[PDB]
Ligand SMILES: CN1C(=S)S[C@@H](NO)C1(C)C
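Presented below, as structure tokens, is a lone chain in the form deposited without this ligand.
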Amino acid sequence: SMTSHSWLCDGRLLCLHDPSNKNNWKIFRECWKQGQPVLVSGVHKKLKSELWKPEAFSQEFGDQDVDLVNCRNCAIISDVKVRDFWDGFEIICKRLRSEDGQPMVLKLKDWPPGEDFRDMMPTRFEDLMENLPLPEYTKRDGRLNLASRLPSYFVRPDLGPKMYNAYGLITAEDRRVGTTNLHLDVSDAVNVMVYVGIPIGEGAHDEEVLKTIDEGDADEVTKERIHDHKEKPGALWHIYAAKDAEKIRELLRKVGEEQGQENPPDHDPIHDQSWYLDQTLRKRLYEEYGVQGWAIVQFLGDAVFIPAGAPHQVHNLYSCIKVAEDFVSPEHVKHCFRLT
């Protein structure tokens, strides 16, 4: 039976089922006020699927110059064509190779660049913005988005949305690497999975994906969503409450010192965006500091709501196209105030 919602993370994560239900706000606002993330499924069914394919991006924009990142070692690949990224998105035999002769796991950096999504892709912009869930919070002019309404005493978000494009991590060694390292944002955000690419060539690689979700601490109901098939898994997230950010900084200063980094006692390891919390570090955070997070698998068409101030990291299971919009809810406006 169709239902309004369900729970993941053993009751700690709200999952809304109908992205355009006019009564979603009544269930959402209780969880949101408590500083929790929220998941909304089904957004892909609202979108024009032909606008979100890797082959269309390559055909329309392939001659633009861009930089890539090697996710395994953080090396920058400078001033290449955007088709060099898109043509290897699902076909492994077409990827740029490292010195060892392996195909690289790449992230497309800052594309479209800065605030240029709307000018570059006006049809994509309309398709996304008209289909975002919780539209009183998430639209540029929504009644519960204070972004356009605040004076300079508040850090205001850039004009969005922003696109996040990267290959899937593949090997047992790759399990300890992030697509996006641990960081926080002073605005709220909604992140939508608009396409998941499952390759062919080294097709048959779903085996190491199961071990990553399991070791990632995914709850038993998320494992039913994985093991049932039916839906394509994109990325594994770990999100932490804003109230636990300083305890995470204390752990990462202790570990930086143990690993012989030489850092002033005050430096900010979350702002540096240099760490990925692997299974060893997540267990140490729980046991030594008393901090629990939320382990979230974002499937095709899932919208993740990330509260302002909440530290979070992303690990792509397969090749992903994500689109995110920042907003300023009244519940979390304290996180962007410039005094006290």
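So that the term is clear: the rigid core is the largest set of C-alpha atoms that superpose within 1.5 Å between two forms. Start at 1 and count along the sequence shown; that's the residue number.
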- Task: Find the stretch among 230-238 and 76-84 with the larger RMS C-alpha deviation in 9 other deposited structures of this protein, all structures being superposed on the shown form by the rigid core.
- Result: 230-238
- Stretch farther from the shown model on average in 9 other deposited structures of this protein, with CA RMS computed after core superposition (220-228, 257-265): 220-228
- Query: Where do the C-alpha atoms have the higher mean temperature factor in this entry, in 260-268 or in 119-127?
  - Reply: 260-268
- Message: Please compare 53-61 with 310-318 and say which has the higher mean C-alpha temperature factor in the record.
- Response: 53-61
- Query: From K223, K139, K107, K243, pick the one with the largest CA B-factor in the entry?
  - Reply: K223
- Hey, out of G88, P135, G203, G234, whose CA B-factor is highest in the deposited coordinates? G203
- By its CA B factor, does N181 count among the lowest, middle or highest third of the modelled residues in the chain? lowest
- Query: Of the three thirds of its chain by CA temperature factor, lowest, middle or highest, which one includes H238?
  - Reply: lowest
- Please rank the C-alpha B-factors of the chain's modelled residues and tell me whether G216 sits in the lowest, middle or highest third. highest
- Task: Select lowest, middle or highest to describe the third in which the CA B-factor of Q36 falls within its chain in this entry.
- Result: lowest
- Task: Report the third (lowest, middle or highest) to which the CA temperature factor of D84 belongs, ranking only the modelled residues of the same chain.
- Result: lowest
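This protein has a second form, the form deposited with this ligand bound, left out of what is shown; the following refers to that one.
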- Option from 258-266, 226-234, 168-176, 116-124 whose residues, in the entry with it bound, bring a heavy atom within 4.5 Å of this ligand: 226-234
- Answer yes if any heavy atom of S58 is within 4.5 Å of a heavy atom of this ligand in the entry with it bound; otherwise answer no. no
- Stretch 11-39: residues contacting this ligand in the entry with it bound, 4.5 Å heavy atom cut-off: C15, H17
